[PDB]
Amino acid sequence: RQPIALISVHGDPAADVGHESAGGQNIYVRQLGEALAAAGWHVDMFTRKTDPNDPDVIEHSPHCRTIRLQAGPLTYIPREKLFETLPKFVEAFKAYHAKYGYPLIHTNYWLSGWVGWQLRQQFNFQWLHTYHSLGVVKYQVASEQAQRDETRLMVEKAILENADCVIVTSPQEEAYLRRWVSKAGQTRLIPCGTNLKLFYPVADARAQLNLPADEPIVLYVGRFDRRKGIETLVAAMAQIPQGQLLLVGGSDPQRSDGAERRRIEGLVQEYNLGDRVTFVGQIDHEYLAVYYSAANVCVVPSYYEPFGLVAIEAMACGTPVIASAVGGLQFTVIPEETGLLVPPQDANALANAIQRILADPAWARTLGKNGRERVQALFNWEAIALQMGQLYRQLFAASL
């Protein structure tokens, strides 16, 4: 049985998701490696060790490990400073590569992509890469991310020019690569999926959450970042008379994605919205279906999203999604079949969008079931795993 190295440096697949350096990349590599181990592969998922009180090896499912390498300091470092920790990481990979001799390495970030680019000069292997965010789309915002990183753009160009395969999660991602990065390189459209056994209409959700069933609810699920546009959602909540906003997401006050940019609470006291904005905190990923099902609308008010995964998590639970028209959100959300699409930084358009589907609840209840069908059709992980597996089989078929 052949081995597989999955490299996700700041994304620990053994980590609970919902805070800084957590989220969709973590969920992506975790369910990918666990699905591949279910289909006859040996999977080692490589991440960075951030605490000596953490385990070195985490065995999730049979023949599926998470391996925390000692890259740099054994503390938390945000990814914008992890580049200097990368060559040591390379060395800490090589010992494992000395034992197993990985024929196939699938790197999942810029930083881990640089690690795979260093390994590509020394060893012969099938190298695949998923970006999970392009810096060239990141560094175009009138808000934050004008302070660029040309090292990131150089490496994100050098990955696409040299990797054997590049997994794009949306046709917008390939369009952004071909317009803004390079024309060379091989690419493959395999979109992100969700577990329909973990996301489903619960139909008992407000009784579990102790919420009044005749009161409207607007739902945000995601991280705390200026990228996510919670400012615009809170400003649009002031144009709606009834209804609470449940902000679900974790944060750490010692950290930047946390009480340095959980200033939304200040915006809660700006707009006099303390009676009708609830900060839920971090909810477990296997329990979010109750929050998605209890709500009348999930909002993804981002300023860019390379395949917003809470959109398909919400549509899987039968809840319509109002989202920005920026990235993979306009690949997931059909603007009149499953939800609505608004411009990013205007609260008036977002507020009129919420007004349309709070005033017509049966229309929201059929937008939600259409989102359920669309997720069952195109974004079911139980089929996307088979597509990924056949991709690995044909790439491993590159033999003598």
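Don't overthink the numbering: it's just position in the shown sequence, from 1.
query = Mean C-alpha B factor from the entry: is it higher for 162 to 170 or for 250 to 258?
reply = Looking at the record's C-alpha B-factors, the answer is 250 to 258.
query = Which is higher on average in the deposited entry, the C-alpha temperature factors of 115 to 123 or of 140 to 148?
reply = So the stretch with the higher mean C-alpha B-factor is 140 to 148.
inquiry  = Take the CA temperature factors straight from the PDB entry and tell me which of 64, 353, 39, 67 peaks.
reply    = Across 64, 353, 39, 67, the entry lists the biggest C-alpha B-factor for 353.
query = Per the coordinate record, which of the options 192, 311, 237, 92 holds the highest CA temperature factor?
reply = That would be 237.
message = Is residue 361 in the lowest, middle or highest third of its chain when residues are ranked by C-alpha B-factor?
response = Within its chain, residue 361 is a highest-third residue by C-alpha B-factor, going by the deposited values.
ask   = Taking the C-alpha B-factors as the PDB entry records them, is residue 31 in the lowest, middle or highest third of its chain?
value = It falls in the bottom third of the chain.
key: residue 400 by Cα B-factor - lowest, middle or highest third of the modelled chain   = Highest third.
request  = Pull the Cα B-factor of residue 178 out of the PDB entry and bin it into the chain's lowest, middle or highest third.
outcome  = Residue 178: CA B-factor falls in the highest third of its chain.
key: B-factor third for the C-alpha atom of residue 263 within its chain   = It belongs to the highest third of the chain when residues are ordered by C-alpha B-factor.
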